[PDB]
Amino acid sequence: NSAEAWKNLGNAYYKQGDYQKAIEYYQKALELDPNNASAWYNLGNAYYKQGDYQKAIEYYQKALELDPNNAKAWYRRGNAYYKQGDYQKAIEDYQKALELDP
Amino acid sequence: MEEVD
């Protein structure tokens, strides 16, 4: 029941744009439930929003390994790669996000 | 700006 509260704490801090503390409670959520792709995704979102694209790529990767149908994650890892000047993997991720968009 | 699901 308990990463149902950590995730929500992280969510509540995310919703208010407090990424530093959002990360703190997203990481606690991931300690208890290391399988929830949604946790990997939102933690990926938090780093991305800070401009920590290196870590954003890292965490989106596993969110996409556990849920490859997450088109939003594909797209955001695509921006991350683009920011880093990785234009090949950016293209690669962008297309995969659009193939899930009718 | 980006949303959340």
# chains A, B, ... in the order shown; residues from 1 in each chain; ligands from 1
>>> interface_residues(of="chain A", to="chain B", cutoff="9 Å", atoms="only C-alpha atoms", output="ChimeraX atom specification")
/A:15,38,42,45,49,72
>>> closest_residue(among="A:27, A:88, A:36, A:8", to="residue 62 in chain A", atoms="only C-alpha atoms")
A:36
>>> select_by_dssp(residues="chain A", states="alpha helix (DSSP H)", output="VMD selection string")
chain A and resid 3 to 15 19 to 32 37 to 50 53 to 66 71 to 83 87 to 98
>>> write_last_selection(atoms="C-alpha atoms", output="PDB file, in the first residue's frame")
ATOM      1  CA  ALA A   3       4.517   3.059  -2.637  1.00  0.00           C
ATOM      2  CA  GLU A   4       0.926   4.006  -3.351  1.00  0.00           C
ATOM      3  CA  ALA A   5       1.757   6.858  -0.968  1.00  0.00           C
ATOM      4  CA  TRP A   6       5.376   7.539  -2.009  1.00  0.00           C
ATOM      5  CA  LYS A   7       4.418   7.744  -5.709  1.00  0.00           C
ATOM      6  CA  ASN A   8       1.559  10.079  -4.787  1.00  0.00           C
ATOM      7  CA  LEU A   9       3.914  12.254  -2.707  1.00  0.00           C
ATOM      8  CA  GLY A  10       6.257  12.381  -5.695  1.00  0.00           C
ATOM      9  CA  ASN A  11       3.228  13.071  -7.889  1.00  0.00           C
ATOM     10  CA  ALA A  12       2.019  15.894  -5.626  1.00  0.00           C
ATOM     11  CA  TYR A  13       5.484  17.488  -5.690  1.00  0.00           C
ATOM     12  CA  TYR A  14       5.728  16.929  -9.449  1.00  0.00           C
ATOM     13  CA  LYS A  15       2.316  18.568  -9.979  1.00  0.00           C
ATOM     14  CA  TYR A  19      11.311  18.343  -8.923  1.00  0.00           C
ATOM     15  CA  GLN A  20      13.994  18.064  -6.232  1.00  0.00           C
ATOM     16  CA  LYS A  21      11.519  16.681  -3.693  1.00  0.00           C
ATOM     17  CA  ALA A  22       9.517  14.850  -6.373  1.00  0.00           C
ATOM     18  CA  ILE A  23      12.662  12.805  -7.159  1.00  0.00           C
ATOM     19  CA  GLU A  24      13.172  12.093  -3.432  1.00  0.00           C
ATOM     20  CA  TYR A  25       9.758  10.402  -3.130  1.00  0.00           C
ATOM     21  CA  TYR A  26       9.883   8.829  -6.596  1.00  0.00           C
ATOM     22  CA  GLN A  27      13.106   7.052  -5.567  1.00  0.00           C
ATOM     23  CA  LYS A  28      11.473   5.817  -2.351  1.00  0.00           C
ATOM     24  CA  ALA A  29       8.588   4.529  -4.490  1.00  0.00           C
ATOM     25  CA  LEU A  30      11.066   2.659  -6.719  1.00  0.00           C
ATOM     26  CA  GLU A  31      12.858   1.040  -3.762  1.00  0.00           C
ATOM     27  CA  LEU A  32       9.689  -0.820  -2.759  1.00  0.00           C
ATOM     28  CA  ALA A  37       7.100   1.257 -15.131  1.00  0.00           C
ATOM     29  CA  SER A  38       5.100   4.356 -14.127  1.00  0.00           C
ATOM     30  CA  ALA A  39       7.607   5.125 -11.361  1.00  0.00           C
ATOM     31  CA  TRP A  40      10.588   4.815 -13.736  1.00  0.00           C
ATOM     32  CA  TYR A  41       8.633   7.044 -16.146  1.00  0.00           C
ATOM     33  CA  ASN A  42       7.784   9.869 -13.734  1.00  0.00           C
ATOM     34  CA  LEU A  43      11.278   9.847 -12.240  1.00  0.00           C
ATOM     35  CA  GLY A  44      12.441  10.134 -15.853  1.00  0.00           C
ATOM     36  CA  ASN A  45      10.043  13.078 -16.220  1.00  0.00           C
ATOM     37  CA  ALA A  46      11.432  14.797 -13.124  1.00  0.00           C
ATOM     38  CA  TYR A  47      15.057  14.689 -14.308  1.00  0.00           C
ATOM     39  CA  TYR A  48      13.982  15.750 -17.816  1.00  0.00           C
ATOM     40  CA  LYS A  49      12.161  18.778 -16.409  1.00  0.00           C
ATOM     41  CA  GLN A  50      15.270  19.779 -14.418  1.00  0.00           C
ATOM     42  CA  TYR A  53      18.782  14.753 -19.677  1.00  0.00           C
ATOM     43  CA  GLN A  54      21.573  12.261 -18.972  1.00  0.00           C
ATOM     44  CA  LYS A  55      19.646  10.777 -16.041  1.00  0.00           C
ATOM     45  CA  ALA A  56      16.348  11.256 -17.897  1.00  0.00           C
ATOM     46  CA  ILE A  57      17.589   8.982 -20.715  1.00  0.00           C
ATOM     47  CA  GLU A  58      18.761   6.472 -18.094  1.00  0.00           C
ATOM     48  CA  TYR A  59      15.394   6.260 -16.312  1.00  0.00           C
ATOM     49  CA  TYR A  60      13.185   6.440 -19.430  1.00  0.00           C
ATOM     50  CA  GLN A  61      15.140   3.483 -20.829  1.00  0.00           C
ATOM     51  CA  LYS A  62      13.906   1.122 -18.095  1.00  0.00           C
ATOM     52  CA  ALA A  63      10.377   2.579 -18.204  1.00  0.00           C
ATOM     53  CA  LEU A  64      10.398   1.665 -21.900  1.00  0.00           C
ATOM     54  CA  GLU A  65      11.893  -1.761 -21.182  1.00  0.00           C
ATOM     55  CA  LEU A  66       8.955  -2.513 -18.871  1.00  0.00           C
ATOM     56  CA  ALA A  71       4.543   6.717 -26.451  1.00  0.00           C
ATOM     57  CA  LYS A  72       5.071   9.763 -24.211  1.00  0.00           C
ATOM     58  CA  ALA A  73       8.218   8.201 -22.734  1.00  0.00           C
ATOM     59  CA  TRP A  74       9.537   7.419 -26.245  1.00  0.00           C
ATOM     60  CA  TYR A  75       8.924  11.037 -27.248  1.00  0.00           C
ATOM     61  CA  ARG A  76      10.548  12.568 -24.157  1.00  0.00           C
ATOM     62  CA  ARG A  77      13.645  10.351 -24.413  1.00  0.00           C
ATOM     63  CA  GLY A  78      13.710  11.582 -28.024  1.00  0.00           C
ATOM     64  CA  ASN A  79      13.941  15.207 -26.863  1.00  0.00           C
ATOM     65  CA  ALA A  80      16.546  14.276 -24.246  1.00  0.00           C
ATOM     66  CA  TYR A  81      18.712  12.650 -26.942  1.00  0.00           C
ATOM     67  CA  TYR A  82      18.183  15.676 -29.200  1.00  0.00           C
ATOM     68  CA  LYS A  83      19.262  18.114 -26.449  1.00  0.00           C
ATOM     69  CA  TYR A  87      20.300  12.990 -33.480  1.00  0.00           C
ATOM     70  CA  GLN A  88      20.284   9.315 -34.504  1.00  0.00           C
ATOM     71  CA  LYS A  89      18.720   7.996 -31.275  1.00  0.00           C
ATOM     72  CA  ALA A  90      16.455  11.073 -31.240  1.00  0.00           C
ATOM     73  CA  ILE A  91      15.112  10.102 -34.691  1.00  0.00           C
ATOM     74  CA  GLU A  92      14.939   6.468 -33.554  1.00  0.00           C
ATOM     75  CA  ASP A  93      12.823   7.349 -30.494  1.00  0.00           C
ATOM     76  CA  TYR A  94      10.629   9.923 -32.300  1.00  0.00           C
ATOM     77  CA  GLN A  95       9.480   7.419 -34.947  1.00  0.00           C
ATOM     78  CA  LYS A  96       8.671   4.775 -32.327  1.00  0.00           C
ATOM     79  CA  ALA A  97       6.472   7.336 -30.540  1.00  0.00           C
ATOM     80  CA  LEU A  98       4.591   8.137 -33.772  1.00  0.00           C
TER      81      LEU A  98
END
>>> atom_distance(atom1="CA of residue 85 in chain A", atom2="CA of residue 52 in chain A")
14.1 Å
